[PDB]
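Chemist: Pasting query13.cif below, which is mmCIF, C-alpha atoms; chains and numbers go by the auth columns.
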```cif
data_start
loop_
_atom_site.group_PDB
_atom_site.id
_atom_site.type_symbol
_atom_site.label_atom_id
_atom_site.label_comp_id
_atom_site.label_asym_id
_atom_site.label_seq_id
_atom_site.Cartn_x
_atom_site.Cartn_y
_atom_site.Cartn_z
_atom_site.B_iso_or_equiv
_atom_site.auth_seq_id
_atom_site.auth_asym_id
ATOM 1 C CA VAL A 1 0.450 33.598 -4.360 0.00 1 A
ATOM 2 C CA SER A 2 3.883 32.238 -3.568 0.00 2 A
ATOM 3 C CA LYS A 3 6.872 31.555 -5.785 0.00 3 A
ATOM 4 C CA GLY A 4 7.182 28.190 -4.072 0.00 4 A
ATOM 5 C CA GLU A 5 3.656 27.256 -5.163 0.00 5 A
ATOM 6 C CA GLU A 6 4.797 27.319 -8.823 0.00 6 A
ATOM 7 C CA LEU A 7 7.244 24.447 -8.163 0.00 7 A
ATOM 8 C CA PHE A 8 4.309 22.070 -7.529 0.00 8 A
ATOM 9 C CA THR A 9 2.147 22.458 -10.657 0.00 9 A
ATOM 10 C CA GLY A 10 3.200 19.128 -12.213 0.00 10 A
ATOM 11 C CA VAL A 11 4.295 15.734 -10.931 0.00 11 A
ATOM 12 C CA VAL A 12 7.353 16.185 -8.688 0.00 12 A
ATOM 13 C CA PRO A 13 9.823 13.397 -7.803 0.00 13 A
ATOM 14 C CA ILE A 14 10.304 12.674 -4.095 0.00 14 A
ATOM 15 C CA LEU A 15 13.161 11.087 -2.140 0.00 15 A
ATOM 16 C CA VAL A 16 12.982 10.323 1.599 0.00 16 A
ATOM 17 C CA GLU A 17 15.715 9.225 4.014 0.00 17 A
ATOM 18 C CA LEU A 18 15.104 8.385 7.655 0.00 18 A
ATOM 19 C CA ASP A 19 17.706 7.487 10.258 0.00 19 A
ATOM 20 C CA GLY A 20 16.060 6.095 13.366 0.00 20 A
ATOM 21 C CA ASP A 21 16.829 4.714 16.819 0.00 21 A
ATOM 22 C CA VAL A 22 14.040 3.344 19.021 0.00 22 A
ATOM 23 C CA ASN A 23 15.122 2.108 22.468 0.00 23 A
ATOM 24 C CA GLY A 24 18.626 1.788 21.006 0.00 24 A
ATOM 25 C CA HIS A 25 17.461 -0.285 18.010 0.00 25 A
ATOM 26 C CA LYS A 26 18.928 1.572 15.012 0.00 26 A
ATOM 27 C CA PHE A 27 17.227 1.445 11.624 0.00 27 A
ATOM 28 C CA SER A 28 17.403 3.260 8.302 0.00 28 A
ATOM 29 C CA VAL A 29 14.620 3.740 5.739 0.00 29 A
ATOM 30 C CA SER A 30 14.920 4.957 2.157 0.00 30 A
ATOM 31 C CA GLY A 31 11.938 6.034 0.073 0.00 31 A
ATOM 32 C CA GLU A 32 11.071 7.317 -3.359 0.00 32 A
ATOM 33 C CA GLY A 33 8.071 8.223 -5.398 0.00 33 A
ATOM 34 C CA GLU A 34 6.192 11.189 -6.724 0.00 34 A
ATOM 35 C CA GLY A 35 3.748 13.877 -5.664 0.00 35 A
ATOM 36 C CA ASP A 36 0.881 15.657 -7.496 0.00 36 A
ATOM 37 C CA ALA A 37 -0.034 18.661 -5.310 0.00 37 A
ATOM 38 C CA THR A 38 -2.707 19.713 -7.827 0.00 38 A
ATOM 39 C CA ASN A 39 -4.691 16.619 -6.797 0.00 39 A
ATOM 40 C CA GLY A 40 -3.210 16.269 -3.300 0.00 40 A
ATOM 41 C CA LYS A 41 -1.848 12.811 -4.210 0.00 41 A
ATOM 42 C CA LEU A 42 1.365 10.979 -3.373 0.00 42 A
ATOM 43 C CA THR A 43 2.701 7.578 -4.324 0.00 43 A
ATOM 44 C CA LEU A 44 5.699 6.388 -2.313 0.00 44 A
ATOM 45 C CA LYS A 45 7.684 3.210 -1.674 0.00 45 A
ATOM 46 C CA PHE A 46 9.883 2.790 1.386 0.00 46 A
ATOM 47 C CA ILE A 47 12.433 0.111 2.221 0.00 47 A
ATOM 48 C CA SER A 48 14.367 -0.728 5.343 0.00 48 A
ATOM 49 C CA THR A 49 18.075 -0.987 4.615 0.00 49 A
ATOM 50 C CA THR A 50 18.862 -2.409 8.097 0.00 50 A
ATOM 51 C CA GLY A 51 16.697 -5.554 8.172 0.00 51 A
ATOM 52 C CA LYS A 52 13.336 -6.018 9.845 0.00 52 A
ATOM 53 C CA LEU A 53 12.216 -2.739 11.446 0.00 53 A
ATOM 54 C CA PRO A 54 11.971 -2.674 15.238 0.00 54 A
ATOM 55 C CA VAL A 55 8.673 -0.713 15.029 0.00 55 A
ATOM 56 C CA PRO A 56 5.587 -1.136 12.844 0.00 56 A
ATOM 57 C CA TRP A 57 5.450 0.686 9.521 0.00 57 A
ATOM 58 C CA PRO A 58 2.210 2.490 10.436 0.00 58 A
ATOM 59 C CA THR A 59 4.005 4.223 13.290 0.00 59 A
ATOM 60 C CA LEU A 60 6.352 5.890 10.779 0.00 60 A
ATOM 61 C CA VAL A 61 3.740 7.054 8.250 0.00 61 A
ATOM 62 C CA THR A 62 3.326 10.610 9.577 0.00 62 A
ATOM 63 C CA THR A 63 7.114 11.092 9.848 0.00 63 A
ATOM 64 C CA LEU A 64 7.849 9.816 6.340 0.00 64 A
ATOM 65 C CA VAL A 65 5.698 16.065 2.895 0.00 68 A
ATOM 66 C CA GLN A 66 2.650 18.270 3.514 0.00 69 A
ATOM 67 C CA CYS A 67 3.769 20.571 0.719 0.00 70 A
ATOM 68 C CA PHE A 68 1.863 18.073 -1.504 0.00 71 A
ATOM 69 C CA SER A 69 -1.517 18.943 0.052 0.00 72 A
ATOM 70 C CA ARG A 70 -4.212 20.202 -2.341 0.00 73 A
ATOM 71 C CA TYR A 71 -5.002 23.755 -1.236 0.00 74 A
ATOM 72 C CA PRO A 72 -8.160 24.820 -3.116 0.00 75 A
ATOM 73 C CA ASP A 73 -7.806 28.102 -4.950 0.00 76 A
ATOM 74 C CA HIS A 74 -9.831 30.063 -2.380 0.00 77 A
ATOM 75 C CA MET A 75 -7.333 29.003 0.351 0.00 78 A
ATOM 76 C CA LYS A 76 -4.080 29.425 -1.554 0.00 79 A
ATOM 77 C CA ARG A 77 -2.867 32.200 0.775 0.00 80 A
ATOM 78 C CA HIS A 78 -2.895 29.712 3.678 0.00 81 A
ATOM 79 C CA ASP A 79 -0.321 27.285 2.199 0.00 82 A
ATOM 80 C CA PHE A 80 2.769 27.810 4.353 0.00 83 A
ATOM 81 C CA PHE A 81 4.419 24.592 3.128 0.00 84 A
ATOM 82 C CA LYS A 82 4.782 25.545 -0.543 0.00 85 A
ATOM 83 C CA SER A 83 5.589 29.185 0.328 0.00 86 A
ATOM 84 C CA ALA A 84 8.787 28.035 2.086 0.00 87 A
ATOM 85 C CA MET A 85 10.089 26.340 -1.090 0.00 88 A
ATOM 86 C CA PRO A 86 12.545 25.847 -2.660 0.00 89 A
ATOM 87 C CA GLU A 87 14.724 26.577 0.396 0.00 90 A
ATOM 88 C CA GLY A 88 12.327 24.465 2.462 0.00 91 A
ATOM 89 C CA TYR A 89 11.298 24.031 6.054 0.00 92 A
ATOM 90 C CA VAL A 90 12.273 22.171 9.206 0.00 93 A
ATOM 91 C CA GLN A 91 9.487 19.919 10.513 0.00 94 A
ATOM 92 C CA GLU A 92 9.765 18.840 14.121 0.00 95 A
ATOM 93 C CA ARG A 93 7.436 16.572 16.066 0.00 96 A
ATOM 94 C CA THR A 94 6.893 14.955 19.400 0.00 97 A
ATOM 95 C CA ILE A 95 4.722 11.848 19.034 0.00 98 A
ATOM 96 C CA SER A 96 3.452 10.494 22.358 0.00 99 A
ATOM 97 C CA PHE A 97 2.161 6.896 22.143 0.00 100 A
ATOM 98 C CA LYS A 98 -0.435 6.534 24.870 0.00 101 A
ATOM 99 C CA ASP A 99 0.765 4.201 27.630 0.00 102 A
ATOM 100 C CA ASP A 100 4.021 3.697 25.725 0.00 103 A
ATOM 101 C CA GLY A 101 7.107 5.503 24.345 0.00 104 A
ATOM 102 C CA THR A 102 7.655 8.771 22.530 0.00 105 A
ATOM 103 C CA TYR A 103 9.207 9.620 19.158 0.00 106 A
ATOM 104 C CA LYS A 104 11.005 12.892 18.608 0.00 107 A
ATOM 105 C CA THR A 105 11.618 13.724 14.949 0.00 108 A
ATOM 106 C CA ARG A 106 13.431 16.477 13.091 0.00 109 A
ATOM 107 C CA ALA A 107 13.249 16.691 9.322 0.00 110 A
ATOM 108 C CA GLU A 108 14.313 19.030 6.566 0.00 111 A
ATOM 109 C CA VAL A 109 12.022 19.203 3.543 0.00 112 A
ATOM 110 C CA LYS A 110 13.410 21.108 0.592 0.00 113 A
ATOM 111 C CA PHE A 111 14.181 20.925 -3.081 0.00 114 A
ATOM 112 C CA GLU A 112 17.527 19.431 -4.043 0.00 115 A
ATOM 113 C CA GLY A 113 17.593 20.094 -7.750 0.00 116 A
ATOM 114 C CA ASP A 114 14.324 18.993 -9.318 0.00 117 A
ATOM 115 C CA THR A 115 13.509 16.659 -6.406 0.00 118 A
ATOM 116 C CA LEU A 116 11.596 17.264 -3.186 0.00 119 A
ATOM 117 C CA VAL A 117 13.645 15.572 -0.451 0.00 120 A
ATOM 118 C CA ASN A 118 12.530 14.767 3.136 0.00 121 A
ATOM 119 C CA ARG A 119 15.527 13.971 5.373 0.00 122 A
ATOM 120 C CA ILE A 120 14.579 12.786 8.858 0.00 123 A
ATOM 121 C CA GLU A 121 16.199 11.912 12.169 0.00 124 A
ATOM 122 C CA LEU A 122 13.972 9.978 14.595 0.00 125 A
ATOM 123 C CA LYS A 123 14.653 9.042 18.223 0.00 126 A
ATOM 124 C CA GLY A 124 12.259 6.887 20.173 0.00 127 A
ATOM 125 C CA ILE A 125 12.516 6.267 23.880 0.00 128 A
ATOM 126 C CA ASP A 126 10.734 4.555 26.729 0.00 129 A
ATOM 127 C CA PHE A 127 8.937 1.988 24.619 0.00 130 A
ATOM 128 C CA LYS A 128 7.662 -1.213 26.209 0.00 131 A
ATOM 129 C CA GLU A 129 9.191 -4.384 24.814 0.00 132 A
ATOM 130 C CA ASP A 130 5.798 -6.149 24.929 0.00 133 A
ATOM 131 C CA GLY A 131 3.691 -3.087 24.059 0.00 134 A
ATOM 132 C CA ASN A 132 1.819 -2.462 20.818 0.00 135 A
ATOM 133 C CA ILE A 133 4.819 -0.852 19.086 0.00 136 A
ATOM 134 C CA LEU A 134 7.868 -3.032 19.883 0.00 137 A
ATOM 135 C CA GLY A 135 5.501 -6.025 19.962 0.00 138 A
ATOM 136 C CA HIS A 136 4.311 -5.374 16.398 0.00 139 A
ATOM 137 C CA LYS A 137 0.629 -5.519 17.384 0.00 140 A
ATOM 138 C CA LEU A 138 -0.582 -2.798 15.025 0.00 141 A
ATOM 139 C CA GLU A 139 -2.616 -3.690 11.931 0.00 142 A
ATOM 140 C CA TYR A 140 -1.088 -2.846 8.557 0.00 143 A
ATOM 141 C CA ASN A 141 -3.555 -0.114 7.667 0.00 144 A
ATOM 142 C CA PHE A 142 -4.171 3.572 8.262 0.00 145 A
ATOM 143 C CA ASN A 143 -7.179 5.707 9.155 0.00 146 A
ATOM 144 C CA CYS A 144 -7.993 9.126 7.748 0.00 147 A
ATOM 145 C CA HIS A 145 -7.149 12.028 10.030 0.00 148 A
ATOM 146 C CA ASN A 146 -7.525 15.785 10.189 0.00 149 A
ATOM 147 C CA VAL A 147 -4.316 17.758 10.857 0.00 150 A
ATOM 148 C CA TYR A 148 -5.130 21.138 12.487 0.00 151 A
ATOM 149 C CA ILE A 149 -2.763 23.970 11.517 0.00 152 A
ATOM 150 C CA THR A 150 -2.201 27.307 13.288 0.00 153 A
ATOM 151 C CA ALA A 151 0.163 30.147 12.581 0.00 154 A
ATOM 152 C CA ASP A 152 3.193 30.764 14.813 0.00 155 A
ATOM 153 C CA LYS A 153 4.187 34.342 13.989 0.00 156 A
ATOM 154 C CA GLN A 154 7.037 34.453 16.510 0.00 157 A
ATOM 155 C CA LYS A 155 8.834 31.629 14.681 0.00 158 A
ATOM 156 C CA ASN A 156 7.633 32.741 11.224 0.00 159 A
ATOM 157 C CA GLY A 157 6.009 29.339 10.796 0.00 160 A
ATOM 158 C CA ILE A 158 3.222 27.026 11.836 0.00 161 A
ATOM 159 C CA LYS A 159 2.208 24.570 14.539 0.00 162 A
ATOM 160 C CA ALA A 160 -0.023 21.568 14.112 0.00 163 A
ATOM 161 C CA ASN A 161 -1.682 19.085 16.372 0.00 164 A
ATOM 162 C CA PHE A 162 -3.615 15.881 15.828 0.00 165 A
ATOM 163 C CA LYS A 163 -4.215 12.441 17.329 0.00 166 A
ATOM 164 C CA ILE A 164 -3.391 9.398 15.169 0.00 167 A
ATOM 165 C CA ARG A 165 -5.434 6.274 15.876 0.00 168 A
ATOM 166 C CA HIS A 166 -3.660 3.031 14.956 0.00 169 A
ATOM 167 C CA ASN A 167 -5.886 -0.063 14.905 0.00 170 A
ATOM 168 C CA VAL A 168 -4.492 -2.847 17.123 0.00 171 A
ATOM 169 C CA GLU A 169 -4.784 -6.540 16.241 0.00 172 A
ATOM 170 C CA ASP A 170 -6.984 -7.176 19.331 0.00 173 A
ATOM 171 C CA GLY A 171 -9.557 -4.589 18.191 0.00 174 A
ATOM 172 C CA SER A 172 -8.353 -1.795 20.471 0.00 175 A
ATOM 173 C CA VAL A 173 -6.775 1.467 19.373 0.00 176 A
ATOM 174 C CA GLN A 174 -3.246 2.741 19.971 0.00 177 A
ATOM 175 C CA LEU A 175 -3.343 6.532 20.185 0.00 178 A
ATOM 176 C CA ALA A 176 -0.394 8.665 19.089 0.00 179 A
ATOM 177 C CA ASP A 177 -0.594 12.345 20.031 0.00 180 A
ATOM 178 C CA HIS A 178 1.271 14.493 17.513 0.00 181 A
ATOM 179 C CA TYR A 179 2.710 17.938 18.279 0.00 182 A
ATOM 180 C CA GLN A 180 4.306 19.583 15.253 0.00 183 A
ATOM 181 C CA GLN A 181 6.267 22.745 14.479 0.00 184 A
ATOM 182 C CA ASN A 182 7.448 23.888 11.030 0.00 185 A
ATOM 183 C CA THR A 183 9.864 26.779 10.492 0.00 186 A
ATOM 184 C CA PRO A 184 11.347 28.057 7.208 0.00 187 A
ATOM 185 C CA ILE A 185 14.936 27.363 6.325 0.00 188 A
ATOM 186 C CA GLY A 186 15.178 30.473 4.107 0.00 189 A
ATOM 187 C CA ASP A 187 14.976 34.172 4.909 0.00 190 A
ATOM 188 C CA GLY A 188 12.277 35.017 2.344 0.00 191 A
ATOM 189 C CA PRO A 189 8.691 35.823 3.332 0.00 192 A
ATOM 190 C CA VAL A 190 6.284 32.955 3.881 0.00 193 A
ATOM 191 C CA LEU A 191 2.538 32.613 4.107 0.00 194 A
ATOM 192 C CA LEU A 192 1.231 32.457 7.650 0.00 195 A
ATOM 193 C CA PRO A 193 -2.236 30.885 7.574 0.00 196 A
ATOM 194 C CA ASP A 194 -5.504 31.358 9.320 0.00 197 A
ATOM 195 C CA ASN A 195 -6.659 28.324 11.321 0.00 198 A
ATOM 196 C CA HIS A 196 -7.499 25.404 9.020 0.00 199 A
ATOM 197 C CA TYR A 197 -6.954 21.664 8.683 0.00 200 A
ATOM 198 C CA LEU A 198 -5.657 19.049 6.259 0.00 201 A
ATOM 199 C CA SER A 199 -7.940 16.080 5.550 0.00 202 A
ATOM 200 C CA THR A 200 -5.613 13.144 4.997 0.00 203 A
ATOM 201 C CA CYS A 201 -6.200 9.549 3.925 0.00 204 A
ATOM 202 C CA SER A 202 -3.546 6.855 3.377 0.00 205 A
ATOM 203 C CA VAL A 203 -3.554 3.338 1.892 0.00 206 A
ATOM 204 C CA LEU A 204 -0.733 0.948 2.782 0.00 207 A
ATOM 205 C CA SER A 205 0.217 -1.993 0.586 0.00 208 A
ATOM 206 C CA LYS A 206 3.061 -4.357 -0.213 0.00 209 A
ATOM 207 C CA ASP A 207 5.139 -4.964 -3.316 0.00 210 A
ATOM 208 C CA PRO A 208 5.158 -8.697 -4.170 0.00 211 A
ATOM 209 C CA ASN A 209 8.651 -8.439 -5.648 0.00 212 A
ATOM 210 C CA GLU A 210 10.246 -6.542 -2.742 0.00 213 A
ATOM 211 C CA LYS A 211 12.318 -8.757 -0.441 0.00 214 A
ATOM 212 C CA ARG A 212 13.212 -6.140 2.170 0.00 215 A
ATOM 213 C CA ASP A 213 10.872 -5.023 4.902 0.00 216 A
ATOM 214 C CA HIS A 214 8.973 -2.263 3.120 0.00 217 A
ATOM 215 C CA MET A 215 5.835 -0.197 2.686 0.00 218 A
ATOM 216 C CA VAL A 216 4.017 1.089 -0.382 0.00 219 A
ATOM 217 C CA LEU A 217 1.884 4.128 0.409 0.00 220 A
ATOM 218 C CA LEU A 218 -0.720 6.149 -1.482 0.00 221 A
ATOM 219 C CA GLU A 219 -2.054 9.303 0.135 0.00 222 A
ATOM 220 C CA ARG A 220 -4.667 11.938 -0.666 0.00 223 A
ATOM 221 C CA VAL A 221 -4.643 15.206 1.288 0.00 224 A
ATOM 222 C CA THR A 222 -6.965 18.206 0.867 0.00 225 A
ATOM 223 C CA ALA A 223 -6.856 21.433 2.869 0.00 226 A
ATOM 224 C CA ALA A 224 -10.142 22.734 4.216 0.00 227 A
ATOM 225 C CA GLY A 225 -11.734 24.893 6.890 0.00 228 A
ATOM 226 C CA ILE A 226 -11.351 28.467 5.514 0.00 229 A
ATOM 227 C CA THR A 227 -14.540 30.435 4.756 0.00 230 A
ATOM 228 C CA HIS A 228 -14.957 33.881 3.204 0.00 231 A
ATOM 229 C CA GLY A 229 -17.342 36.793 3.458 0.00 232 A
ATOM 230 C CA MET A 230 -20.949 35.691 3.147 0.00 233 A
ATOM 231 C CA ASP A 231 -20.302 32.710 0.824 0.00 234 A
ATOM 232 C CA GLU A 232 -21.783 30.120 3.191 0.00 235 A
ATOM 233 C CA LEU A 233 -24.978 32.194 3.391 0.00 236 A
ATOM 234 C CA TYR A 234 -25.847 31.623 -0.288 0.00 237 A
ATOM 235 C CA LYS A 235 -26.615 27.909 -0.186 0.00 238 A
#
```
Please re-express this file's structure in structure tokens.

Modeler:
Amino acid sequence: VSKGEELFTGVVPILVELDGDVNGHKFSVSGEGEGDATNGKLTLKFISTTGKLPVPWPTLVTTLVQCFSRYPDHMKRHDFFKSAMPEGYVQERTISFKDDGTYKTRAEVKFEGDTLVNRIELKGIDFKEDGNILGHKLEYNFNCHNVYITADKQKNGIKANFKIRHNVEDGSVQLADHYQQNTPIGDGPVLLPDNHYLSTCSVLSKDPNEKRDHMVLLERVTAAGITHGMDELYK
């Protein structure tokens, strides 16, 4: 139902580049891997190229390609992300860490040749040097979350909102409120969805042969929350 959707039928290579600055601590991350939108699956590896990161890897997961979500066939007209391809979309977020600093991110996600590329700038401010983030108190894991999507007709795009819960080493939770906006880079028509959500799960691991600070990530994402006619009546 979109020309962009056809670019995701197989396994697609992914490259990611992030340039970050948190409280003045500059860092750069490079990633690579592959996505299978048919199954909603990604496999990615990320490395720091600037030494040990000043923030925990889990805090960067949501910033580091929702075009790889599995939209079931009945919901295909609600997939804004693929409909913006190949020209792509700008993804912007504010991430407010409760009782701590804020990230602002701006990314461009688009095809460059055969490859889906996510290029990100991240600025973080007002973090506490002994808080859960700069103190590296977050466990190396990730919970599943639901990302709620709404259309933004005025900007010809979408908004999203969700709360990330990062487990803390003392058994508490560090909340990160996410506010997201996506707008197309191209002029062509895009799909503006009805209200729905993405069900996302992520598994973080390490590569025994990788000497740089790094993260290996597997993710599974499935869109949900659209219902039609009287379907739910016939149980």

Chemist: For residue 25 of chain A, which of A:199, A:113, A:45, A:126 is the closest residue, counting all atoms listed in the file?

Modeler: A:126

Chemist: Expressed in Å to a single decimal, how great is the separation between atom CA of residue 71 of chain A and atom CA of residue 155 of chain A?

Modeler: 20.7 Å

Chemist: Tell me which protein, DNA and RNA residues are within 8 Å of residue 135 of chain A, counting only C-alpha atoms, leaving out same-chain ones fewer than 3 positions away, and put them as a list in words.

Modeler: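 Using only C-alpha atoms, the neighbours found are residues 138, 139, 140, 141, 171 and 177 of chain A.
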
Chemist: For a quick check of understanding, using only C-alpha atoms, which of A:111, A:5, A:76, A:90 has the smallest distance to residue 184 of chain A?

Modeler: A:111

Chemist: Check which residues satisfy the PyMOL selection byres ((chain A and resi 62) around 12) in the file shown, then give them as a ChimeraX atom specification.

Modeler: /A:57-61,63-64,68-69,94-98,106,108,110,121,123,125,145-148,150,164-169,179-183,203-205,220,222

Chemist: Take the residues from that selection and put them in a file with C-alpha atoms, as an mmCIF file, keeping the file's coordinate frame.

Modeler:
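Contents of the output file out-v2.cif:
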```cif
data_model
loop_
_atom_site.group_PDB
_atom_site.id
_atom_site.type_symbol
_atom_site.label_atom_id
_atom_site.label_comp_id
_atom_site.auth_asym_id
_atom_site.auth_seq_id
_atom_site.Cartn_x
_atom_site.Cartn_y
_atom_site.Cartn_z
ATOM 1 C CA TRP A 57 5.450 0.686 9.521
ATOM 2 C CA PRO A 58 2.210 2.490 10.436
ATOM 3 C CA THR A 59 4.005 4.223 13.290
ATOM 4 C CA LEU A 60 6.352 5.890 10.779
ATOM 5 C CA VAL A 61 3.740 7.054 8.250
ATOM 6 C CA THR A 63 7.114 11.092 9.848
ATOM 7 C CA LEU A 64 7.849 9.816 6.340
ATOM 8 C CA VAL A 68 5.698 16.065 2.895
ATOM 9 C CA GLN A 69 2.650 18.270 3.514
ATOM 10 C CA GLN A 94 9.487 19.919 10.513
ATOM 11 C CA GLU A 95 9.765 18.840 14.121
ATOM 12 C CA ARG A 96 7.436 16.572 16.066
ATOM 13 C CA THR A 97 6.893 14.955 19.400
ATOM 14 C CA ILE A 98 4.722 11.848 19.034
ATOM 15 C CA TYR A 106 9.207 9.620 19.158
ATOM 16 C CA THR A 108 11.618 13.724 14.949
ATOM 17 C CA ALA A 110 13.249 16.691 9.322
ATOM 18 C CA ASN A 121 12.530 14.767 3.136
ATOM 19 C CA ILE A 123 14.579 12.786 8.858
ATOM 20 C CA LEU A 125 13.972 9.978 14.595
ATOM 21 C CA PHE A 145 -4.171 3.572 8.262
ATOM 22 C CA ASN A 146 -7.179 5.707 9.155
ATOM 23 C CA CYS A 147 -7.993 9.126 7.748
ATOM 24 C CA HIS A 148 -7.149 12.028 10.030
ATOM 25 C CA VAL A 150 -4.316 17.758 10.857
ATOM 26 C CA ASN A 164 -1.682 19.085 16.372
ATOM 27 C CA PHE A 165 -3.615 15.881 15.828
ATOM 28 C CA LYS A 166 -4.215 12.441 17.329
ATOM 29 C CA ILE A 167 -3.391 9.398 15.169
ATOM 30 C CA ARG A 168 -5.434 6.274 15.876
ATOM 31 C CA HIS A 169 -3.660 3.031 14.956
ATOM 32 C CA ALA A 179 -0.394 8.665 19.089
ATOM 33 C CA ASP A 180 -0.594 12.345 20.031
ATOM 34 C CA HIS A 181 1.271 14.493 17.513
ATOM 35 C CA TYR A 182 2.710 17.938 18.279
ATOM 36 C CA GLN A 183 4.306 19.583 15.253
ATOM 37 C CA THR A 203 -5.613 13.144 4.997
ATOM 38 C CA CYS A 204 -6.200 9.549 3.925
ATOM 39 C CA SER A 205 -3.546 6.855 3.377
ATOM 40 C CA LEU A 220 1.884 4.128 0.409
ATOM 41 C CA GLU A 222 -2.054 9.303 0.135
#
```

Chemist: For atom CA of residue 227 of chain A and atom CA of residue 161 of chain A, quote the distance in Å rounded to one decimal.

Modeler: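 Interatomic distance here is 16.0 Å.
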
Chemist: I'd like the contact shell of segment 187-193 of chain A - 9 Å cut-off, only C-alpha atoms, skipping same-chain residues fewer than 5 positions apart - returned as a VMD selection string.

Modeler: chain A and resid 2 82 to 94 111 113 158 to 160

Chemist: Nearest to residue 142 of chain A among A:197, A:230, A:47, A:170, with distances taken over only C-alpha atoms: which residue is it?

Modeler: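 Nearest to residue 142 of chain A: A:170.
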
Chemist: To one decimal place in Å, what is the distance between atom CA of residue 152 of chain A and atom CA of residue 103 of chain A?

Modeler: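 So the two atoms, atom CA of residue 152 of chain A and atom CA of residue 103 of chain A, lie 25.7 Å apart.
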
Chemist: Go through the shown structure with the PyMOL selection byres ((chain A and resi 214) around 12) and write out the matching residues as a list in words.

Modeler: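 Selected by the PyMOL selection byres ((chain A and resi 214) around 12) here: residues 46, 47, 48, 49, 51, 52, 209, 210, 211, 212, 213, 215, 216, 217 and 218 of chain A.
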